[PDB]
Ligand SMILES: Nc1ncnc2c1ncn2[C@@H]1O[C@H](COP(=O)(O)OP(=O)(O)NP(=O)(O)O)[C@@H](O)[C@H]1O
Ligand SMILES: [Mg+2]
């Protein structure tokens with residue numbers, strides 16, 4: 001059994017399985033699906049009782065795919081295809097959009113960054129700087145030790161715990177050993 | 001079983017090695033009889049349970065996050081009186097104990113006591129329904145130990 | 001039926017789903033199966049979060065699945081697990 | 001008597017409150033708890 005035949009085999013046994021029939025299904029965290037995953041998704045759309053697709057996008061349209069330069073290109077395309085197949089199988093469809101921002105209600109700068117990310121031309125931010133910091137390091141070693149000091153400050157003085165902090169890299173291999 | 005072999009749920013190698021009598025025997029017993037004659041029943045029930053770190057480790061704190069403990073419950077059935085838990089063990093009993101099962105029974109209870117207490121804590125916490133009784137069916141000798 | 005929950009990053013979609021499932025666990029701990037389908041590198045996180053209810057402190061009716069893990073359970077029920085599988089190597 | 005004597009003293013004797021739980025694995029096995 002090829003390791004990629006699981007999703008295929010799953011898709012053709014879902015109608016056969018009884019437990020699926022009355023199930024509620026929530027899918028989230030995905031940006032896009034492989035066709036092989038999509039087959040599973042539509043099969044769930046058929047034999048499950050209900051299914052909710054959570055997608056990160058801004059008023060995506062189910063009529064046409066996004067323009068390539070659109071921020072929400074991936075998710076937008078996903079929405080278009082998912083909605084298309086939902087209408088294809090005559091599902092009763094319910095749409096809910098979350099206009100409000102709940103994550104950055106506490107902090108303004110990041111809400112400004114999230115909202116004005118794509119915007120052209122971008123509107124400047126006139127308030128004080130506190131929570132958004134751009135940092136320049138002499139090297140990667142200094143970058144890491146620096147962030148170490150900042151984390152230590154953040155846990156000693158600002159009542160953060162270590163679990164609240166996250167370090168991301170585009171090319172982790174550049175940093176892991178030194179981290 | 002050849003409905004199962006055909007659908008490849010069990011490999012034919014696994015199929016060849018099965019005491020069919022041992023399987024059937026459980027259903028003759030009174031607890032198994034309760035299972036078949038049950039208002040409600042469910043099998044292979046997976047679960048996740050949060051437990052404060054203090055319980056497993058001393059010095060831990062409430063602010064400190066709970067540990068996650070997962071497991072699979074073999075069987076759960078609901079009679080008119082209450083909700084009961086059921087587990088099966090392919091343990092070896094008849095072969096090597098001086099008092100046989102009665103030598104095994106205190107020891108077996110010990111061997112799975114912690115596990116059962118965790119399982120019961122799971123159903124008790126999550127479903128918020130106390131479980132009346134728990135049963136351990138052993139294939140070897142067909143014995144059923146009540147906990 | 002289908003429900004398209006859509007919003008920008010920071011909309012609160014994931015917590016909305018977490019809470020939905022939690023409430024549905026409250027209403028009926030033995031109700032019909034609830035499947036939380038997330039990317040493989042996101043299965044544990046959600047498992048933790050769902051488990052963090054003072055009300056229930058865990059889940060039973062509702063599981064977190066990857067596509068692979070879901071395939072494992074449904075195939076355990078439906079069959080076809082007998083054959084060995086091959087790693088990429 | 002330097003300006004930062006006090007603060008430096010505070011930092012060098014500082015220990016993380018939740019130090020003890022920084023190594024504790026979150027996910028645990030039912031079999032492992034017995035262990
Ligand atoms: N009602 C709420 N009020 C305030 N903060 C909230 C609320 N719901 C969720 N949050 C917080 O918002 C943050 C992100 O929530 P989340 O559910 O991931 O939104 P999201 O739509 O999934 N964003 P993303 O996953 O990046 O597309 C977390 O830190 C939550 O604790
Ligand atoms: Mg999310």
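Computed from the coordinates by the stated procedures, all read-outs in this text should not be read as laboratory data. We place every Cβ from the backbone using ideal geometry, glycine too, and count neighbours over all the protein chains shown.
Brief remarks on what is shown
- Using alpha-carbon coordinates, inclination of helix C:13-27 to the longest axis of chain C, degrees: 90
- Degrees between helix B:101-126 axis and first principal axis of chain B (Cα, 0 to 90, nearest 10): 50
- Per principal axis, descending, Cα span of chain C in whole Å: 41, 33, 28
- Percent of C-alpha pairs per 10 Å bin, region A:12-88, short to long: 18, 48, 26, 7, 0
- Approximating the spin labels as points 7 Å out from Cα along Cα→Cβ, the residue D:9-to-residue B:110 distance works out to 5.6 nm.
- Neighbour-count ranking [beta-carbon atoms within 10 angstrom, fewest first] of A:173, B:12: A:173, B:12
- Inter-part distance, region A:74-97 to region A:1-49, computed on C-alpha centroids, equals 16 Å.
- Each helix, a run of at least 4 DSSP H residues, gives -39500 (n - 2.57); summed and divided by the residues of the protein assembly as shown, these come to -10500 deg cm²/dmol at 222 nm.
- The reciprocal of the average 1/r between distinct C-alpha atoms defines the Kirkwood hydrodynamic radius, which for chain B equals 17.5 Å.
- Full-stretch length increase - residue A:107, residue A:37 - with 0.36 nm per residue and alpha-carbon distance subtracted: 21.5 nm
- Among A:50, A:83, A:152, the largest mean-square fluctuation in a Gaussian network model of chain A, built with springs joining Cα atoms closer than 10 Å, belongs to A:152.
- Peptide A:81-93 has a mean shielding of 2, counted as Cβ atoms of other protein chains within 10 Å of each residue's Cβ.
- Distance from chain D to region B:93-147 (C-alpha centre basis), Å: 40
- Simple spin-label estimate for residue C:15 and residue A:88 in nanometres, 7 Å along Cα-Cβ: 3.6
- Extension gain for the segment residue A:174 to residue A:122, taken as residue separation times 0.36 nm less the Cα-Cα distance, is 15.5 nm to one decimal.
- Full-stretch length increase - residue A:152, residue A:167 - with 0.36 nm per residue and alpha-carbon distance subtracted: 4.0 nm
- Area projected by the alpha carbon convex hull of the protein assembly as shown, averaged over all directions, nm²: 30.8
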